[PDB]
Amino acid sequence: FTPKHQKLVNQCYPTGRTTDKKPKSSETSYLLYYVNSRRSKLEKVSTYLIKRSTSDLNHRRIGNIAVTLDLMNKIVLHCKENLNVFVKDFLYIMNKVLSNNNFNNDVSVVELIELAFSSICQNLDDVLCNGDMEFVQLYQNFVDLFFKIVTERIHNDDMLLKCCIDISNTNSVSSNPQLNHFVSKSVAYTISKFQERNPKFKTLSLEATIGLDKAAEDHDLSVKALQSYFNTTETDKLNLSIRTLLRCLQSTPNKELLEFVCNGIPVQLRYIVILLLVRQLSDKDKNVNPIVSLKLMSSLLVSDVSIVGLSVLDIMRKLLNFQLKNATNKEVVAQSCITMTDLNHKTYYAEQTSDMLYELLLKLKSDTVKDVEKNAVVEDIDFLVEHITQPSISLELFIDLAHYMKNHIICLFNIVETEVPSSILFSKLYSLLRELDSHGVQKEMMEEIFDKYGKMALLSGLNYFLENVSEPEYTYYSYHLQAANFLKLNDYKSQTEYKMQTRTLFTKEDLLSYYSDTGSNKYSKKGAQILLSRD
């Protein structure tokens with residue numbers, strides 16, 4: 080007695096004892112039809128494949144096993160929408176084959192095995208991923224055996240790369256606890272085998288077409304694996320992939336590798352990398368060099384790699400805070416002093432630069448912070464302004480900041496492009512200008528202030544310095560000098576020189592004599608106005 084399924088399945092096999100057996104065409108077609116018709120047939124046919132392939136394992140016939148694996152592949156592909164019926168069976172058989180040292184040798188067997196595995200992984204439902212435990216152990220066993228065999232008996236790293244791609248193509252493995260580690264070990268292996276070929280990325284370059292998007296033209300399999308694990312919108316997979324990347328990057332620090340893999344990662348959410356890098360500082364591991372991660376952040380932020388939608392403020396605040404907690408090191412303070420500005424390298428929005436500086440100012444104003452935080456922030460603003468190429472300051476911020484570092488105010492002033500300031504802001508500016516260490520700084524400051532706002536500085540300076548100054552100071556005389564220089568008046572300059580070399584002050588009348596004729600001074604009317612309209 081031979082039931083139909085048994086006869087069909089057996090009818091798919093050739094007669095001999097050869098090892099290059101390919102399943103007979105028409106018979107396997109009709110078999111596929113038969114199992115695809117009613118799902119009751121898949122049960123029978125799959126179970127029968129288990130028993131039969133067991134007998135073929137015993138009598139040690141490779142051909143029948145090859146045909147078997149081929150059939151299994153074709154069935155998986157044909158009966159996808161019912162895959163959860165027979166997957167555990169096929170996996171049991173594949174593991175049983177792999178567990179057999181008489182079938183491990185043959186390369187074709189392992190090839191067909193991997194093929195069946197790829198066709199499986201590509202069509203899985205999360206149903207067994209989460210519900211069934213036996214399936215989890217069969218999958219686990221398969222991956223373990225496959226690595227343990229290909230590494231030792233097949234000696235074909237390409238097989239392992241294909242397996243990594245299979246795991247990557249499996250549904251929600253990165254979202255599964257029991258099967259999580261396989262993603263990590265896969266990424267680790269493809270990385271280490273991508274640093275094996277192209278050993279350039281094994282270099283210790285950490286300070287100073289390349290893209291992966293253009294490297295996917297096809298070719299090396301390692302790159303295909305990288306694209307498989309990094310070029311993805313699946314957040315979990317990318318989480319684990321990046322984490323493993325950073326981990327394998329602590330051992331072989333390479334900025335170009337990071338650049339490459341980032342070129343692989345979808346442009347949209349690359350910010351996540353940075354986040355993890357930042358988190359890498361907060362980590363308690365102690366086998367992680369924070370300096371390495373900082374330099375890697377820097378290397379990333381400087382280059383062409385677009386990092387859309389970065390929470391610049393948040394990241395900066397985190398870096399700064401980390402620098403304040405550990406502030407007694409040249410490395411923790413300087414590499415942060417560098418990365419912090421390296422992050423401003425690109426302008427995500429106009430308010431950012433100001434905001435950055437502002438975040439520091441607020442920390443400086445409070446007396447809660449320790450001396451070394453003061454010093455560190457000072458050096459930070461120092462570096463920032465040293466790297467701020469073009470103007471972006473609200474004059475008030477320039478004032479609050481000016482109070483704290485009188486050495487680098489000039490530079491800060493070159494960043495203020497407020498075309499029109501308030502009349503009070505002027506008096507503030509002057510009032511702080513009076514409180515300055517050197518007269519050189521006061522001189523050049525007065526000069527540039529006049530340069531930017533000739534009319535407004537003339538008038539506001541006139542009023543202010545007339546009212547407030549009651550004793551010979553440098554700022555007073557420098558104002559009158561710059562005013563005379565702006566009005567191109569020899570008598571004004573001469574008199575100022577007198578009042579300066581004799582420590583005397585100007586009176587309302589003396590200054591009135593310069594704002595007398597509109598043909599001699601364009602601004603005579605407003606000047607005289609504010610000169611006599613007060614007291």
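In our numbering, the protein residues as written are 80 to 614. Idealized CB from N, CA, C, for every residue including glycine.
Buried versus exposed call for residue i [16 or more other C-beta atoms within 10 Å across all chains shown]
i	result
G540	buried
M212	exposed
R118	exposed
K100	buried
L319	buried
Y509	buried
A429	exposed
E552	buried
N143	buried
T133	exposed
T288	exposed
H559	buried
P102	buried
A287	exposed
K241	buried
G343	buried
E193	buried
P470	exposed
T269	buried
Alpha-carbon to alpha-carbon, residue j and residue i
i	j	result
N259	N181	31 Å
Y127	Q85	7 Å
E526	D446	34 Å
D450	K444	12 Å
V381	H466	13 Å
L325	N368	11 Å
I246	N115	27 Å
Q257	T249	14 Å
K453	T432	20 Å
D461	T314	38 Å
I478	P500	12 Å
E275	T323	17 Å
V357	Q402	12 Å
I129	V391	58 Å
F261	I494	52 Å
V252	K167	17 Å
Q306	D297	12 Å
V88	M173	18 Å
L373	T230	36 Å
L538	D459	36 Å
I199	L162	8 Å
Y112	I154	10 Å
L191	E122	22 Å
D383	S265	28 Å
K522	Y602	23 Å
Coil, strand or helix - residue i by DSSP
i	result
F169	helix
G343	helix
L584	coil
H260	helix
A145	helix
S549	coil
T230	helix
residue 615	Any property of residue 615 remains undetermined from this structure, which presents the chain solely from 80 to 614.
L291	coil
residue 615	Here the chain covers residues 80 to 614 and nothing more, so residue 615 does not appear.
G598	coil
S284	coil
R358	helix
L560	helix
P332	coil
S573	helix
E275	coil
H84	helix
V252	coil
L566	helix
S592	coil
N318	helix
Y427	coil
Residue i CB to nearest heavy atom of the ligand GDP below 6 Å
i	result
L136	Of ligands this structure carries none, so the ligand GDP is not represented either.
Could you tell me which whole alpha helix (DSSP H) segments of length 4 or greater appear in the region 151-215?
166-177, 186-200 and 205-209
Starting from the N-terminal side, write out each stretch of the alpha helix (DSSP H) that is 4 residues or longer and does not extend beyond the region 431-482.
431-444 and 450-466
Which residue spans inside the region 494-547 form an unbroken alpha helix (DSSP H) run of at least 4?
502-513, 518-531 and 533-547
At 4 residues or longer, what runs of the alpha helix (DSSP H) sit wholly inside the region 362-408?
369-381 and 391-404
Just to confirm the assignment: which complete alpha helix (DSSP H) runs, minimum length 4, are found wholly within the region 101-136?
104-116
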